[PDB]
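**Q** Chains as they are written, first to last, in PDB author numbering: chain p, 3 to 92; chain g, 25 to 46, 73 to 105, 132 to 234; chain h, 52 to 61; chain M, 1 to 491; chain l, 25 to 52; chain i, 4 to 72; chain L, 1 to 642.
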Ligand SMILES: CCCCCCCCCCCCCCCCCC(=O)OC[C@H](COP(=O)(O)OCCN)OC(=O)CCCCCCCCCCCCCCCCC
Ligand SMILES: CCCCCCCCCCCC(=O)OC[C@H](COP(=O)(O)OCC[N+](C)(C)C)OC(=O)CCCCCCCCCCC
Ligand SMILES: CCCCCCCCCCCC(=O)OC[C@H](COP(=O)(O)OCC[N+](C)(C)C)OC(=O)CCCCCCCCCCC
Ligand SMILES: CCCCCCCCCCCC(=O)OC[C@H](COP(=O)(O)OCC[N+](C)(C)C)OC(=O)CCCCCCCCCCC
Ligand SMILES: CCCCCCCCCCCC(=O)OC[C@H](COP(=O)(O)OCC[N+](C)(C)C)OC(=O)CCCCCCCCCCC
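Listed below in structure tokens is the structure:
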């Protein structure tokens, strides 16, 4: 069946526990692929809106186009090594 | 079938010709390469060099091996990449996004109707396509709600 | 005419 | 159920061939039946062994989970842990596929000692395949350099006129450089007490020590891809090694450097890989540009193919060092596509033309389409595949590698697009000459491509087109494994 | 009239390789 | 006229003005096969084609834009 | 209907390519013609359904690329722009295929020729019907592949072999930039789909849009043979005339124009690129016309005419008049193909198969049917009022002055001179071939006859389309307010009013006066005062004639300087780097170092009591010496090795 992500954060585990570390790496990766799936769905709305609107695509799809360009810089796979090996608070 | 007497007949005809460079019903079983003694083996080889000397690019000994072992193996590889129940990570993430759509908006009657009639094979075909299906509300809810929990896993900020 | 003969049957 | 079965079956296979062929060596002055028809019954057994090796990995492929993160099929054997993930699975399949192809290439073009050649080829295929499924640096290095001993003897025995020089080049270039990689491995075992893949990926070393470790590892990798200016050994080896040796070297060995970057640099030296990325791009871009221009002045037919592999693997190095999924996937796709097209070009040059005329000089050949139409069809088709024309897997790999490079570095990564023009310059100039003008006055009319050579070309062309048209067969397996190699902190 | 293309050396010494005047075979 | 060495040179495209003796029989076998593929393409094309400007009502697009805001 | 239109030409290529041996020469040619005709009829049905009923067709075969956010599918769309490009492509391809049946009847390799010819048609169909840039790139590359196999069709001829290579490598130069533009498109927008990229044009940075479309512009120049990447165009004349007829009318030569028109939503927001396109098209129009007036090969003159006309489309694009460029593109595909077909009819009619117009003369009475096709096509090319070219070309020249900017005014003169030259070399070509005194031997004229009906039939169909086609289709593309949302024109860039009304009445007839009046002056000089054109007397005229006859010396500059130096860089890299310093720092250098060192060590090993005794006693100094002197000892030891 559809197995779900084992939500686990690098900030609530001990890296000496190899199983907990493995789950944190997997959980972060699976959340990043959901963002890509969301980005593709939002782009599908932009494609459908552009075709049906015709010369009205600037007005009819203004909010959709703005949303796509804001999500694009960060709705991509970023990996887990960056956050696992770095502490933003410090 | 070794057919020792066949080599005796063949060798006599070769021996009958003192000159060189101037049969079809012949084969060998697997036991001929290991169980034959020295006396019988040497007769076959002497004939083979002379018979080959009396003479395109066929019957080289690889056809049966490749077309029975290699080509069906490639078919199996083709079958695996075609008809295997493999859920890639991007395919899993699409189903998870729609599952989280249900689990967050269980009070929306319209949303449940489209999801129930959205078949599994058509789950990954959201958007404009040849399939006549109702998914406008499915897209609308996604456009309004962030169903990813990436901020939840990042409990430390600058 | 050129009357190019037909080749062997294929 | 993988490494244990693969090693034991092949060791039994090696023993079986040795017992049969060497039984009557006792100054018997014998004739025997196994040696009839150029040791046909001994070549056939070795060919069957290569086919069975493919089935071994297929059984484990059925149980492979593309939605599972981490290594699968974890196994303990010879005090070594073995595992498979998405990237390892595809590279193993490519290595085992080239097994029968390499053997079939030298079916009836060797002067003798077919049994020795068959055992050496199968030994090399297994050793290289095992190098993709080892789970520590020490085991990686053991299999990385174990292939030198069978390959050194193979080139020196079955090689061309300059086989002696080629044997020295491959043995010394690939060992003196790998020893610098061993130093970095030894450092890991000293300060961490382990060289396990998972264990060393979670450890952050000092920025100065990571610089020293990266340089030691990259020297062994850069010589093996190869990259300029440590590439001069490769053209000599290809121009003198036997056709089966060239197929394995061009199709598998050069891909170990790209896989080495995946295992030894990206997940364990992530911080220093980001810093070294501009330097790697500069070296690889110059490697791509210089090799293409140098290829324009070569006169040896097999040397031209050897330099073409250098330019393509420069794109692979550029793509694999991009810090995004597009570049990483494209580099892996291009490696698989290069694993089929590159051997085919050697087969066309060093296996079809050479086996008939025995001269590799370019001046002797022109207008070959007049009496060798079947040869020219494959030569033209594989020439367009080698140049990155769409519908071929090379285009998918090159476009994504170039796109990933631009995403990683928009300014200097844009220079990777020169591969589209430069690759067509030297590859088509060779193909245009070999097919254009009147038939060569220095050649006698002879047989066209035979059935055996048709089989080799067709089954190397088929995977290239399938990957080119529908690369999702490859991308689906790679997506989860490749996403782990990205290092970024977006806030 | 005719002239040699650019980058064609006037002299060379490659050991015992014969030394001949550079000729453009296109102009023959 | 000339000599083309057709005894062994047999390219897929003919080799210097080649027409087999049974060219009429093969031509019919090709025309029927060619006709059987155009009809198959037509049926696949009709059943797979769609109008991208009619898959969503304009009212549906308005809801998408408002939610995306 | 969409699937039948696109992949039917591919079936003909496969049938002739692999089954042409088993069906013979004649059946192979007609089956290929049958496959193209099926695409012709299906295209016309779609043209009514798309243009007139405002319907679109989309077929999605399967996914191609699924690398994270980059999703590319094997999808084909037929919108107004695609079906507008399909009509010139498939119709001319069928007429060229019908033309090729009788023109190639004496060729030993007709089956392969039709296999390549139909493959080119399929590649071009994929180019204009793909719904994303990557599907466009698939057709973009195979267009060069098929053209390479067509230009070098007679591979036994050295010139054809090298000419095909020249076309391929120059087009690959554009492909390299085209790949770079697509990569930047993924970098900025994360997609190559038309429906995605065109919806973000107004919100993207102008610098980002410029870089993408500069790469598109470089790729367009290679295919369209604009200035700097036009040498291969005349080398394409080595292939058979049906290739040239198809290539230069509704094919690869026009691919560059389509790419810019497709990218119109992006192109409107980077006016600097439009300024470059306007000048590049204007310069190419002036240069091409001047060269064509001192050229002698009949096909070279028409090829230069194609380059001059394509530039007229470019200047229309440069002023954001994408509708003008498309309409002139459709009309040009009809009468320019007629010129090549009729030019090839003259070459076949003469027994010697001469192609130099200096060896022609007095063909008008002997081949009147070919002359009328040339005469009607020439007038249509010269924008004679009432014909197709007049309604498509004259408006573009007017649009340059109607732009009312400095660049538009300069290009107007370049276009005006281009129009004047267009009439000048058409009269010059006609006079030498049909009206001049005979130059060929008398034996040629007593065997000079018109060709068969099969060759004639496509020419008559094109001739009628070269008279009435432009008048009927003017309102579709040039009508004010006509909905063509596929081509986007910004409100600030609509100059169809100031071009139509504000023009002085003199400019409306100035190209006509310079064309017909200038042509009459040239005709009078040729007939009665030909001693003027004996230019070998005057030294300045000889240089001026030679300079334009050698095509602005660009071919000499390209080969003797650019290509030679690029090959010498490889030679320098091979000699000084690959075989040079990397061998000094390699096997050769280390061998000399090893030989020198090992020779010294060989002399140190000999049985001698005094020798070994001194070394043992010398080692006692290491104990005595303070260790800080070890490096000085190390330097001393190396000094003795020397
Ligand atoms: C010379 C050597 C021999 C090589 C020559 C032959 C090369 C053939 C290359 C074919 C490569 C395999 C591609 C087809 C494999 C099937 C793809 C697939 O998995 O299905 C995807 C698509 C919908 O996906 P899904 O819903 O997941 O269905 C999976 C059900 N198990 O399901 C589908 O819609 C299936 C569609 C099948 C299409 C048939 C193939 C048509 C021809 C290729 C189309 C590519 C586009 C046209 C390219 C021409 C250039 C423009
Ligand atoms: C995976 C673990 C494998 C390890 C063991 C492999 C077998 C070793 C050889 C023993 C049998 C033997 O020497 O037999 C010789 C065999 C058979 O050749 P042949 O043509 O019949 O011999 C000639 C006799 N004639 C002419 C009468 C027919 O050839 C070989 O040498 C092949 C195997 C060795 C290849 C690599 C050599 C260098 C190894 C270096 C390791 C780091
Ligand atoms: C860090 C990356 C390292 C990459 C590899 C380093 C260079 C390898 C050279 C190959 C030599 C070879 O093949 O040895 C064989 C060559 C034979 O020479 P030949 O080709 O027959 O021509 C020369 C013969 N003549 C003139 C008769 C035609 O003998 C040598 O040269 C002997 C010395 C080799 C020492 C190599 C030690 C390297 C130390 C580690 C690096 C500092
Ligand atoms: C999307 C891509 C689809 C491609 C399918 C098209 C049909 C294929 C037909 C093959 C048969 C053929 O034409 O090649 C073979 C023909 C045979 O010569 P012939 O004309 O029979 O005369 C024979 C007279 N000789 C013997 C003097 C030639 O020419 C040749 O030897 C040309 C050599 C290069 C062939 C290039 C093949 C096409 C490359 C395509 C790159 C993708
Ligand atoms: C109405 C239906 C329409 C569609 C028709 C489809 C026909 C399919 C072909 C059947 C004939 C055949 O496979 O030909 C096979 C041909 C013919 O030579 P051969 O068979 O080896 O004979 C010669 C050998 N001898 C003498 C021993 C007998 O081999 C080739 O060299 C084919 C090389 C591949 C060329 C195409 C590459 C394309 C790459 C890109 C793909 C997109």
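For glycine and all other residues, C-beta sits at the position ideal for the given N, C-alpha and C.
Is residue 97(L) closer than 7 Å to residue 36(L) when the C-beta atoms are compared?
**A** Against a cut-off of 7 Å, the Cβ pair of residue 97(L) and residue 36(L) comes out as a contact.
**Q** With the cut-off set at 7 Å, would you say residue 164(g) and residue 476(M) are in Cβ contact?
**A** Cβ distance < 7 Å, so residue 164(g) and residue 476(M) count as in contact.
**Q** At a Cβ cut of 8 Å, what residues of the segment 56 to 85 of chain M count as close to chain p, listed as they run along the chain?
**A** Under the 8 Å Cβ criterion, the segment 56 to 85 of chain M contributes 67, 69, 70.
**Q** What are the residues that DSSP puts in a beta bridge with residue 484(M)?
**A** Answer by DSSP bridge pairing: none, since residue 484(M) is not bridged.
**Q** Output, in chain order, the set of chain g residues within a Cβ distance shorter than 9 Å of residue 459(M).
**A** Residues of chain g passing the Cβ test: 142, 146, 147, 150.
**Q** Mind checking whether residue 3(L) and residue 47(i) have CB atoms under 7 Å apart?
**A** Yes, they are a contact pair.
**Q** Which residues in the same chain as residue 396(M) place their Cβ atom closer than 6 Å to its Cβ, once the five residues preceding and following it in sequence are excluded?
**A** Cβ within range, chain order: 333, 468, 471.
**Q** Using alpha carbons as the reference points, say which of 232(M), 87(M), 427(M) lies closest to residue 169(L).
**A** Closest by alpha carbon: 427(M).
**Q** Classify residue 403(L): buried if its beta carbon has 16 or more other beta carbons within 10 angstroms, exposed otherwise.
**A** Per the 10 Å Cβ criterion, buried.
**Q** Below 8 Å on the Cβ atoms is my guess for residue 232(M) versus residue 408(L); work out the distance and round it to an integer in Å.
**A** Not quite, the Cβ-Cβ distance comes to about 57 Å (not below 8 Å), so this is no contact.
**Q** Return the CA-CA distance between residue 134(L) and residue 131(M), expressed in angstroms with no decimal places.
**A** Cα-Cα distance, rounded: 36 Å.
**Q** For residue 172(L), is the classification buried or exposed, using 16 other Cβ atoms within 10 angstroms of its Cβ as the cut-off for buried?
**A** Counting Cβ neighbours within 10 Å, residue 172(L) comes out buried, since at least 16 surround it.
**Q** Strictly below 9 Å CB to CB, what residues from chain g border residue 447(L)?
**A** Residues of chain g passing the Cβ test: none, with the nearest at roughly 49 Å.
**Q** Check whether the segment 348 to 358 of chain L touches the segment 311 to 320 of chain L, counting contact only when three or more Cβ pairs, one atom from each stretch, lie closer than 8 Å.
**A** The answer is no - the segment 311 to 320 of chain L does not touch the segment 348 to 358 of chain L, with fewer than three Cβ pairs under 8 Å.
**Q** Short of 6 Å in beta carbon distance, which residues of its chain neighbour residue 240(M), apart from the five on each side in sequence? Order them along the chain.
**A** The residues are 159, 160, 162, 163, 166.
**Q** Hey, does residue 28(p) have any beta-carbon neighbour from chain g nearer than 7 Å?
**A** No, residue 28(p) does not count as interfacial toward chain g.
**Q** Name the chain L residues that come within less than 8 Å of residue 79(p), Cβ to Cβ?
**A** The answer, in chain order, is 68.
**Q** Would you report the Cα separation of residue 208(M) and residue 272(M), rounded to the nearest angstrom?
**A** Rounded to whole angstroms, residue 208(M) to residue 272(M) spans 9 Å at the Cα level.
**Q** What residues from chain p crowd round residue 59(i), counting only those whose CB sits closer than 7 Å?
**A** Neighbours of residue 59(i) on chain p, chain order: 50, 54.
**Q** Quick one: give me the first and last residue of the beta strand (DSSP E) that residue 70(L) is part of.
**A** Element bounds for residue 70(L): 70 to 78.
**Q** Return the residues of the segment 344 to 376 of chain M that lie within a Cβ-Cβ distance of less than 7 Å from chain i, sorted by chain order.
**A** Correct list: 371, 373.
**Q** Using beta carbons (cut-off 7 Å, strictly below), is residue 38(p) in contact with chain L?
**A** Closer than 7 Å: yes.
**Q** Less than 6 Å between the CB of residue 470(M) and some heavy atom of ligand 1, yes or no?
**A** Yes.
**Q** What's the call for residue 550(L), buried or exposed, on a 16-neighbour Cβ count within 10 Å?
**A** Exposed, since its Cβ has fewer than 16 Cβ neighbours within 10 Å.
**Q** Does the Cβ-Cβ distance between residue 466(L) and residue 338(L) come in under 7 Å?
**A** Cβ atoms of residue 466(L) and residue 338(L): closer than 7 Å.
**Q** Shorter than 7 Å from the beta carbon of residue 568(L) to some beta carbon of chain l?
**A** So yes, residue 568(L) belongs to the interface.
**Q** Against chain l, with Cβ distances strictly below 7 Å, would residue 564(L) count as a contact?
**A** By this cut-off, residue 564(L) is an interface position.
**Q** Would the beta-carbon of residue 507(M) be found less than 6 Å away from any heavy atom of ligand 3?
**A** This structure does not reach residue 507(M), given that chain M is present from 1 up to 491, and the question cannot be answered.
**Q** So which residues on chain l does residue 26(L) lean against when the C-beta distance must stay under 9 Å?
**A** Under the 9 Å cutoff, chain l gives no residues; its nearest Cβ is about 41 Å from residue 26(L).
**Q** List, from N- to C-terminal side, the alpha helix (DSSP H) runs of 4 residues or more that fit wholly inside the segment 139 to 227 of chain M.
**A** Here the runs fully enclosed are 148 to 158, 163 to 191, 197 to 201, 207 to 224.
**Q** Should residue 15(i) be flagged as near chain h, meaning a C-beta pair shorter than 7 Å?
**A** No, because no Cβ of chain h sits closer than 7 Å to the Cβ of residue 15(i).
**Q** Helix, strand or coil: how does DSSP classify residue 130(L) here?
**A** Residue 130(L): strand per DSSP, three-state reduction.
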